K.L.:
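Encoded as structure tokens, here's the structure I'll be asking about.
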Amino acid sequence: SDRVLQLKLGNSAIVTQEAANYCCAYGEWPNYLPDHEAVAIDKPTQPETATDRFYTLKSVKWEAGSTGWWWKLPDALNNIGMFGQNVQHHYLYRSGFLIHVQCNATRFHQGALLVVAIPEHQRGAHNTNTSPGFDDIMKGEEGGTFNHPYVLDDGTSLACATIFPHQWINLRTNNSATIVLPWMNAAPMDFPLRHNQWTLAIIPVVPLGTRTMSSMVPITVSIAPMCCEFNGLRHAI
Amino acid sequence: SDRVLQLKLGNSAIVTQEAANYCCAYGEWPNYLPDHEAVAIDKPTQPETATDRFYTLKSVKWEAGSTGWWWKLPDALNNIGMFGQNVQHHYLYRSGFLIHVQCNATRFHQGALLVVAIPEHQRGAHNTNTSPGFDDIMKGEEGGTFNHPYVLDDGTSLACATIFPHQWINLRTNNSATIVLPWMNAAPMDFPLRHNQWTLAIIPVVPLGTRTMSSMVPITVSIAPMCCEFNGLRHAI
Amino acid sequence: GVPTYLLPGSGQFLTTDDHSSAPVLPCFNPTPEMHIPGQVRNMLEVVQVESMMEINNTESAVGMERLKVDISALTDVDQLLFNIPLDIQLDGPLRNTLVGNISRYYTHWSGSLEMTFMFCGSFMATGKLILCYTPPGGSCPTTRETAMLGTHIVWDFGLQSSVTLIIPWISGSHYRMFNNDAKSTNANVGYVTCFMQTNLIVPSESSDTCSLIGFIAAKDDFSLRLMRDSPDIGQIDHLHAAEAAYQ
Amino acid sequence: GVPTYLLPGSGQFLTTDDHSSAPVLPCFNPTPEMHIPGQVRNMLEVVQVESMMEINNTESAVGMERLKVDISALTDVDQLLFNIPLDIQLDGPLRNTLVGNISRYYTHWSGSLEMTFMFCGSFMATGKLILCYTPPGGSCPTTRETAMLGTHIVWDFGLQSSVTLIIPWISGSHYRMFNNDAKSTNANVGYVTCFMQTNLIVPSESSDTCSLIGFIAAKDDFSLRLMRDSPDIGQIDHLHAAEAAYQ
Amino acid sequence: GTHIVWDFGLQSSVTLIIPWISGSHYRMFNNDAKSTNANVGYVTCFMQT
Amino acid sequence: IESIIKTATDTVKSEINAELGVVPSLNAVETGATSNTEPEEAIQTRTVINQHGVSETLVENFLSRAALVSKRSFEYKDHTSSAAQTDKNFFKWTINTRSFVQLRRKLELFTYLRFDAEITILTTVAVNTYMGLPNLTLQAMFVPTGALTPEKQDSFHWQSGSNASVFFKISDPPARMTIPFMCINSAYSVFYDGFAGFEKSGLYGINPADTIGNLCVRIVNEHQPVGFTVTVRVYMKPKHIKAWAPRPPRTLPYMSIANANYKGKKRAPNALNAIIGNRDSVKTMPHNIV
Amino acid sequence: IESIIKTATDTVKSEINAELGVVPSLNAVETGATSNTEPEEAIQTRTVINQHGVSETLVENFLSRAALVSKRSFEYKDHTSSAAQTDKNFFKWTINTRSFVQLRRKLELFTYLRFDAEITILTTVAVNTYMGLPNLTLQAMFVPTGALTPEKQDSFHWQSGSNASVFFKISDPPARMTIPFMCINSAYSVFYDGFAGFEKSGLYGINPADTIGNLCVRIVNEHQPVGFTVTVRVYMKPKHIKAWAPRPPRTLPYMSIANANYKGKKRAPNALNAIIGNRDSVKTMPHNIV
Amino acid sequence: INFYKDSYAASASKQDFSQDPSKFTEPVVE
Amino acid sequence: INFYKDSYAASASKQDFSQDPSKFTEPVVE
């Protein structure tokens with residue numbers, strides 16, 4: 001019963017048949033900003049179905065010695081669709097996210113993915129005391145690749161990364177993972193071009209393995225923003 | 001009326017006719033561990049009549065220049081019967097003890113035994129500052145012999161040893177002593193192979209003397225565990 | 001005036017004292033509280049979340065290979081696969097866990113643990129394992145006849161790819177200490193061993209070596225006390241750019 | 001603020017002061033109380049338990065021979081057997097007792113004592129003794145005519161092998177001091193002597209020398225006050241392995 | 001096994017109850033004394049002192 | 001569901017179980033949920049009334065320990081021939097919680113923190129012959145972040161019109177202040193996945209809203225004919241603490257205070273490719289009872 | 001039967017007794033019971049209303065005296081050419097009650113004890129010419145048993161993230177802390193008839209659950225040009241005391257703190273074969289009135 | 001004991017025994 | 001006078017006048 005799931009947002013829908021029970025982050029569900037927590041006094045635009053819809057990114061090739069992949073939000077979506085046009089024309093921003101990650105293979109394949117959403121994933125660099133630059137962090141739609149995913153590229157640990165909102169894609173059990181994210185910030189709204197609230201990390205804890213014919217196994221990421229607000233209308237940068 | 005006493009535990013019984021009123025240690029009687037004092041969460045085994053029964057040890061020869069005898073509990077019983085099999089197959093242990101000491105002689109004999117049960121009788125060594133080893137303490141079924149019973153082999157005193165649960169076998173009055181011991185520990189259960197809660201000490205305060213024919217006078221120790229619990233089932237060491 | 005006298009302990013600075021002190025900014029209005037997801041009010045909420053064990057803490061296991069145990073098809077019965085030392089003070093597989101890192105801020109601990117194992121082979125891979133917990137006293141059991149005499153669970157790999165070995169709180173004392181003596185009777189927890197109950201049996205197109213991932217959490221009867229500094233972090237010099245906070 | 005002023009005695013450390021001090025560990029939960037047998041809440045519970053007197057505190061009495069008095073058959077009537085000095089401060093037969101060790105932590109004492117004597121001859125041994133207590137003033141009585149004029153008990157050895165000589169509290173003052181002057185009127189308790197009332201009469205196969213064991217406890221009218229350190233223990237150097245607690 | 005400790009005093013007698021401890025309701029008077037349907041067990045006496 | 005938990009939970013007794021359709025020991029790690037198998041369902045238990053309190057692991061107790069955040073020694077003397085890069089009888093310190101690693105790893109167990117910080121300042125002095133230790137007066141002035149800080153010991157910025165100063169002596173008890181929750185947001189960002197300026201040349205991970213302020217400390221006295229070395233230790237104690245979204249603890253050693261860069265130790269433990277020290281095999285027991 | 005006893009008990013008057021079948025002065029020591037012969041039954045008594053209170057022999061009063069448990073003198077100076085076995089401006093101390101024999105014999109009158117310990121620390125200083133006594137700051141950090149203790153005066157273990165430290169000066173009143181009841185059992189074992197490890201090579205009589213912790217004490221100051229000798233005396237006072245199963249007092253002198261070994265003195269009193277000093281005969285009276 | 005006019009001046013508030021572990025241990029929706 | 005938030009911080013409790021000497025002086029059963 002929990003394996004089949006249709007997610008319908010906007011003009012976008014995703015049916016899955018080999019899923020797990022989906023994850024709502026910290027027990028929370030997204031909502032709009034209420035009046036007793038609001039700060040910016042102008043009326044926000046709530047474009048709804050134009051922006052509250054799945055956005056599918058470029059797939060990544062799950063290969064032999066993969067270390068992992070990360071996308072930062074809302075940076076991965078700031079140039080896609082009418083979400084990216086509302087981002088570039090407004091100063092402020094508030095939304096949650098419905099991340100759906102797809103990866104299937106045959107019943108002779110093995111492997112496990114940790115699909116973990118990390119709040120405020122401040123990265124570190126390796127073997128230097130210079131901070132990571134702008135281009136190391138703000139990758140965009142392509143995202144990045146983990147350098148040392150065993151310490152989550154920040155000196156901490158992959159083993160304890162199940163404290164964050166996560167699921168698994170174990171290839172003998174499921175082929176999809178779904179994490180619903182709310183707004184996760186100290187401020188109620190935020191400038192979307194210089195700050196990322198969530199990082200979606202997908203990490204090969206058990207590598208891909210089979211002895212059947214070699215097929216390309218892709219990992220696809222569909223991200224739906226949820227309950228988007230935008231304040232501070234101006235021109236586009 | 002208080003001289004005759006039948007003690008029936010399990011398939012074991014002891015009738016005596018020349019006894020004293022028996023001693024319950026600190027006014028307490030043994031019981032099982034209640035739920036509001038329990039620690040180990042697994043269900044304990046309570047083998048009852050297989051272990052709650054008298055275990056008679058090897059008798060000792062009461063001679064001319066005897067200094068005394070000691071047995072440590074449960075160490076003196078850890079290899080005897082189904083008590084010793086429940087000890088060796090479990091990690092934890094809790095029971096009380098019913099110690100019955102037997103020594104008779106003729107009406108022309110004289111002598112007095114102090115039969116004293118000592119809690120946590122940490123021993124000392126004489127004329128050295130090295131602690132007693134494992135083999136000095138863990139004698140087993142044979143028990144030990146007091147080296148300096150006038151200071152109870154720990155620097156204290158035999159004179160003040162009547163603060164402990166004790167009886168006397170004065171050979172003109174009685175020929176048996178009976179001490180009922182409860183569980184005496186800071187922890188509710190305990191690992192029986194590295195800790196002894198009670199020491200039964202039998203000490204010649206007045207030596208054996210007569211002018212009739214010389215017979216061997218033995219001192220026999222029967223110990224019945226009472227209300228045995230065992231937690232932490234594993235293999236046997 | 002009021003006649004007073006000073007006690008011992010007057011004018012000292014205890015770092016754990018709980019008093020009210022002078023406001024540096026009078027009539028300051030703090031920022032209004034906003035609802036932020038995921039509030040932690042007790043560190044035992046964190047300790048009950050399962051996190052991966054480094055059971056493969058060996059050499060030639062580099063990085064993420066330490067977080068998985070590779071089991072294979074064997075040609076003998078009753079075979080040992082791995083064992084797990086249960087000392088949380090000591091640097092074993094349980095140290096870098098959520099239950100293992102928060103407990104090393106404390107000295108005494110109590111309560112039940114849980115070991116979750118997820119099988120990460122193929123759908124075609126079948127097998128049965130036995131996951132034994134042995135209360136302390138003797139050596140770690142090396143044969144399956146010896147090890148199944150304690151707390152165990154037999155697990156077949158099928159539609160649910162996970163079991164839980166509850167490690168029960170079986171102790172004489174209310175708490176266990178995080179003392180340096182791992183062979184102490186106040187510290188040693190026991191052993192966890194895994195054996196083949198049957199065998200890992202795969203077809204010719206499944207990968208012949210499959211993996212487990214071990215997880216450990218604490219249950220809700222878990223308790224920590226006597227707080228101390230963690231031995232997991234430390235410095236022998238000032239960090240970089242720390243002098244620049246004075247410039 | 002509150003106008004205050006410091007008194008004499010401010011900032012001192014009295015070792016007997018009764019104040020509340022700072023918790024070194026806040027929000028610490030102690031271990032739950034378990035019922036342990038034999039709780040002592042007042043040290044007068046311990047003092048009322050009978051314990052052996054070293055009446056035979058002589059040379060050529062080695063170890064346990066000091067804890068018994070050997071009486072024999074005599075060929076003269078009215079003969080003295082032993083006497084007991086009653087000074088509890090002074091190193092006599094009453095010092096290493098439960099009533100004697102706890103009282104040397106104190107300076108003043110009051111209340112009645114009891115001397116219990118157990119006869120440890122054979123069943124065949126008969127005899128009668130008189131156990132006299134003499135209130136202070138003169139010398140210790142050496143003949144039986146002189147000694148029975150005070151508090152005594154005549155004891156025949158039979159089916160009950162024990163008597164009690166109650167030593168009554170007969171004092172001018174409410175308390176007696178543990179002063180060094182044993183011949184003081186505030187300290188001297190009196191004397192206990194034992195005589196033959198008849199004779200120790202045994203047959204030819206009983207051992208011709210029989211034994212007594214003397215016990216002393218306090219009654220429930222007993223009281224101790226003014227606490228001091230015991231003169232029974234002391235050191236002139238640090239103990240062994242005490243420097244290793246600093247290493 | 002099942003025992004009784006007896007001191008010789010004012011009552012000069014004890015009873016060792018030999019309990020009916022059998023798998024079957026009855027035991028046979030068969031010639032095989034070492035049979036499981038016939039053998040009752042043993043009674044031994046020792047010096048306690 | 002949220003409830004009030006003052007002690008650890010009790011155990012109920014259980015019996016022999018043998019039911020089809022019910023498998024409580026099997027679980028689904030793939031959902032992201034922790035196993036809910038209770039000890040009653042795995043073994044046979046007894047009734048245990050668990051009275052073990054849980055109040056010492058409260059986040060208020062876990063974090064409200066006064067920890068060293070600053071330690072600065074400066075020569076207290078006549079500074080005329082001393083170089084301009086030195087502390088001429090005063091220092092400035094941007095208040096951070098990053099410099100000393102016990103408090104840093106402990107505060108970095110969370111993503112967001114809202115706390116009031118009480119600040120204890122411990123001054124100690126040593127003679128730089130011996131003739132005695134002076135009872136000096138120190139001034140610690142709290143300057144907000146980016147504002148004008150003094151450039152001299154005797155500058156006119158020390159007059160403290162609206163800046164809060166504390167004047168305290170060495171022979172006193174240590175000076176103690178409470179600094180409020182001073183963020184412009186509803187919580188401090190312990191981690192900041194962003195850049196703090198509208199240009200692409202700002203610092204990564206450093207949010208200046210997280211910064212408390214500057215702590216300018218001088219000695220109010222003039223110089224004696226001899227020199228002294230004055231060490232000022234600052235202690236921070238968080239209080240009234242709310243904490244959100246817990247994180248993995250840091251395993252590798254810290255390199256800098258500006259960032260979360262990592263190197264790791266050369267060997268295990270806490271190396272980059274090996275956090276836990278090694279054993280011989282996966283079926284090797286390290287402290288096996290003999 | 002348990003009752004409340006605030007004063008010693010009263011005496012009732014008695015008369016001439018001469019009854020068959022009743023012998024209250026005869027007793028049975030062999031049962032292990034103390035004689036219950038009352039003074040009314042042995043002599044003829046009068047009515048005495050006894051108003052002597054019993055509150056000074058309470059176990060709470062008997063044990064709650066602040067007693068010296070530690071005394072450590074160390075040279076406070078510049079330690080560069082000093083040997084590595086010395087106390088280089090700091091010491092460590094495993095907290096025990098065994099080192100000083102007045103408190104040791106007093107606590108060893110019981111088998112089990114449950115108490116809270118308040119800890120007073122008294123620091124005194126002497127010049128090692130004379131130019132004055134410095135008002136130094138000391139740090140006493142409470143480290144749990146077996147944990148990491150500092151190896152230097154200026155080590156980074158003294159920052160005390162979660163370890164409780166007390167900072168105190170010599171001119172202050174002495175520092176006073178309350179240490180709770182910290183055993184993992186319900187009472188401390190004053191005596192332990194066992195071995196504390198699962199192997200046969202552990203220490204006899206030493207239960208590490210009985211051990212409170214370590215007490216690491218340093219001087220926070222740097223060294224002056226002259227040296228000083230600093231003596232730190234630690235005082236322990238038990239409070240909220242429950243006590244179980246009383247024991248014979250120790251008669252022979254203590255040899256070690258690790259064990260209950262005995263030698264005895266060479267002559268009586270308190271020799272091995274003679275605890276009480278000797279008299280000439282059993283019918284000799286030592287202090288006989290002439 | 002708080003004689004200061006600001007509420008943040010007070011001592012530490014060690015009475016917050018509300019837990020909710022299910023927002024970390026069971027964040028699934030069904 | 002106890003202004004500390006922990007109960008063990010309090011002063012000594014010198015009001016426990018309950019005795020039971022019969023658990024040492026008469027531990028016999030009849």
Side-chain angles (χ1 to χ4, degrees), chain B residues 1-25 29-30 47-60 62 69 71 73-74 76-77 80-84 95-105 113-117 141 143 165-171 173-182 198 200-202 217-228, chain E residues 1-19 21 42-49, chain G residues 28 30-32, chain I residues 27-30:
Chain B
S1 180
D2 57 350
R3 295 181 66 191
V4 289
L5 174 63
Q6 178 162 354
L7 300 166
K8 178 178 74 69
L9 279 81
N11 56 2
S12 62
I14 296 172
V15 289
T16 183
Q17 307 190 8
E18 194 184 3
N21 190 358
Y22 61 84
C23 177
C24 294
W29 189 261
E48 297 181 0
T49 54
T51 61
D52 302 339
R53 65 178 306 281
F54 285 101
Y55 292 108
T56 300
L57 302 173
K58 185 182 262 78
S59 296
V60 293
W62 172 344
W69 295 274
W71 293 267
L73 289 170
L77 300 178
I80 301 170
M82 288 301 292
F83 182 78
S95 78
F97 295 103
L98 203 159
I99 295 172
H100 189 66
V101 175
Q102 300 92 248
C103 179
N104 52 13
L113 293 171
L114 178 60
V115 180
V116 55
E141 189 269 331
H166 70 281
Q167 278 196 347
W168 291 89
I169 299 174
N170 193 3
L171 289 177
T173 301
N174 54 354
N175 62 7
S176 66
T178 303
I179 302 167
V180 182
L181 299 175
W198 290 100
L200 176 70
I202 299 168
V217 185
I219 302 174
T220 310
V221 176
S222 295
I223 300 168
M226 294 183 76
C227 295
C228 295
Chain E
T2 297
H3 63 267
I4 177 67
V5 176
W6 167 44
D7 174 72
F8 319 136
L10 195 149
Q11 302 295 317
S12 64
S13 302
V14 278
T15 297
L16 179 62
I17 293 294
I18 301 166
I21 300 167
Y42 309 102
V43 169
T44 55
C45 185
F46 289 83
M47 282 293 182
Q48 189 68 21
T49 58
Chain G
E30 296 88 1
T31 61
Chain I
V28 297
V29 75
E30 294 290 326

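We name chains A, B, ... by the order of the sequence lines, and we start the count at 1 in each one. Reckoned from all heavy atoms, side chains included, excluding hydrogens, waters and symmetry mates.
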K.L.:
Is there a donor-acceptor contact under 3.5 Å from the side chain of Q48(E) to the main chain of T220(B)?
P.N.:
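Not a single qualifying donor-acceptor pair exists.
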K.L.:
Taking only residues two or more places apart in sequence or in another chain, which ones pass side-chain contact (heavy atoms from CB on, under 4.5 Å) with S176(B)?
P.N.:
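Counting only residues at least two positions away or on another chain, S176(B) forms a side-chain contact (heavy atoms from CB on, under 4.5 Å) with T16(B), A19(B), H100(B).
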K.L.:
Please check: side-chain N/O of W62(B) versus main-chain N/O of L113(B), any donor-acceptor pairing under 3.5 Å?
P.N.:
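No, the answer is negative, given that no donor and acceptor are paired below the 3.5 Å cut-off.
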K.L.:
Is the closest side-chain heavy-atom distance between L114(B) and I202(B) below 4.5 Å?
P.N.:
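Contact flag for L114(B)/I202(B) side chains = no.
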K.L.:
Minimum heavy-atom separation for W29(B) and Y22(B), please, with both atom names.
P.N.:
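Answer, listing the atom of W29(B) first, then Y22(B): CZ3-CE1, 4.2 Å.
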K.L.:
Enter the distance from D7(E):CG to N175(B):CG here, rounded to the nearest 0.5 Å.
P.N.:
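Rounded to the nearest 0.5 Å, the CG-CG separation comes out at 4.5 Å.
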K.L.:
Which word best sums up how the rings of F83(B) and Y55(B) line up, parallel for under 30°, tilted for 30 to 60°, or perpendicular for over 60°?
P.N.:
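Geometry flag for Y55(B) against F83(B): tilted rings.
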K.L.:
Using only heavy-atom distances, determine whether the side chains of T49(E) and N104(B) contain a donor-acceptor pair under 3.5 Å.
P.N.:
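Side-chain D/A pair, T49(E) to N104(B): present.
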K.L.:
Please name all residues satisfying ring-ring contact (aromatic ring centres under 6.0 Å, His included) with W6(E), sequence neighbours left out, ordered by chain then number.
P.N.:
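Partners of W6(E) under the ring-ring contact (aromatic ring centres under 6.0 Å, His included) test: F8(E).
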K.L.:
Quick check: do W198(B) and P74(B) have side-chain heavy atoms less than 4.5 Å from each other?
P.N.:
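Result no, sub-4.5 Å side-chain heavy-atom pair not found.
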K.L.:
Please examine the side chains of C23(B) and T31(G), heavy atoms only from C-beta on, and report whether any two atoms are closer than 4.5 Å.
P.N.:
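No; the side chains remain at least 4.5 Å from each other.
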K.L.:
Between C103(B) and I219(B), which heavy-atom pair has the shortest distance, and what is it?
P.N.:
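Here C103(B) and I219(B) meet closest at SG-CG1, 3.7 Å.
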K.L.:
Return yes when atom CD of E30(I) has more than 12 non-hydrogen atoms of other residues, nucleotides or ligands closer than 6.0 Å, and no otherwise.
P.N.:
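12 or below, so no.
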K.L.:
What closest approach, in Å, do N174(B) and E30(G) show between heavy atoms, and which atom pair accounts for it?
P.N.:
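So the minimum-distance heavy-atom pair works out to ND2-CB, 3.9 Å.
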K.L.:
Would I99(B) and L73(B) count as a side chain to side chain contact (heavy atoms under 4.5 Å, CB included) if you check the C-alpha gap in whole Å, the side-chain angles of each, and the deciding distance to 0.1 Å?
P.N.:
CA-CA 10 Å; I99(B) 295 172; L73(B) 289 170; 3.7 Å; yes
K.L.:
If you measure from CG on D52(B) to SG on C227(B), what distance do you get to the nearest 0.5 Å?
P.N.:
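Atom-to-atom, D52(B):CG and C227(B):SG are 6.0 Å apart.
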K.L.:
Hey, does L57(B) have a side-chain heavy atom less than 4.5 Å from the side chain of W71(B)?
P.N.:
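The answer is yes; the side chains approach within 4.5 Å.
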K.L.:
Mind listing the closest non-hydrogen atom pair of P165(B) and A25(B) along with its distance?
P.N.:
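What the structure gives for the nearest pair is CG-CB, 3.6 Å.
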K.L.:
What's the verdict on side chain to side chain contact (heavy atoms under 4.5 Å, CB included) for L200(B) and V115(B), showing C-alpha distance, side-chain angles and the deciding distance?
P.N.:
CA-CA 7 Å; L200(B) 176 70; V115(B) 180; 3.8 Å; yes
K.L.:
Does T49(B) reach the main-chain N or O of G10(B) with its side chain, forming a donor-acceptor pair under 3.5 Å?
P.N.:
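Checking the backbone N and O of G10(B) against the side chain of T49(B), no donor-acceptor pair under 3.5 Å is found.
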K.L.:
Applying side chain to side chain contact (heavy atoms under 4.5 Å, CB included), run through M226(B) and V180(B) and close with a yes or a no.
P.N.:
CA-CA 9 Å; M226(B) 294 183 76; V180(B) 182; 4.2 Å; yes
K.L.:
For the backbone of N21(B) and the side chain of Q167(B), can you confirm whether one donor and one acceptor N or O come within less than 3.5 Å of each other?
P.N.:
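Yes, the answer is positive, given that a donor and an acceptor are paired below the 3.5 Å cut-off.
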K.L.:
To the nearest 0.5 Å, how far apart are CG in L16(E) and SG in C45(E)?
P.N.:
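Spacing of CG (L16(E)) from SG (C45(E)) equals 9.5 Å.
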K.L.:
Taking the side chain as C-beta and beyond, is there a heavy-atom pair between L98(B) and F54(B) under 4.5 Å?
P.N.:
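The answer is yes; the side chains approach within 4.5 Å.
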K.L.:
What verdict does the side chain to side chain contact (heavy atoms under 4.5 Å, CB included) test give for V15(B) and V5(E), after you've listed the backbone C-alpha separation in whole Å, the side-chain angles of each residue and the deciding distance to 0.1 Å?
P.N.:
CA-CA 6 Å; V15(B) 289; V5(E) 176; over 6 Å; no
K.L.:
What are the two closest non-hydrogen atoms of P30(B) and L181(B), and how far apart are they?
P.N.:
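Smallest interatomic distance, heavy atoms only, reads CG-O, 3.3 Å.
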K.L.:
Do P47(B) and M82(B) make a side-chain contact, defined as non-hydrogen atoms from C-beta onward lying under 4.5 Å apart?
P.N.:
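No, too far: nothing below the 4.5 Å cut-off.
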K.L.:
Mind checking whether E18(B) and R3(B) have side chains closer than 4.5 Å, heavy atoms only?
P.N.:
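Yes. Closest side-chain heavy atoms under 4.5 Å.
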K.L.:
For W69(B) and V60(B), indicate whether the former's side chain and the latter's backbone hold a donor-acceptor pair under 3.5 Å.
P.N.:
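Side chain of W69(B) to backbone of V60(B): no pair is present.
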K.L.:
If I compare all heavy atoms of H3(E) with all of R53(B), which pair ends up nearest, and what's the gap?
P.N.:
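So the minimum-distance heavy-atom pair works out to CE1-NH2, 3.2 Å.
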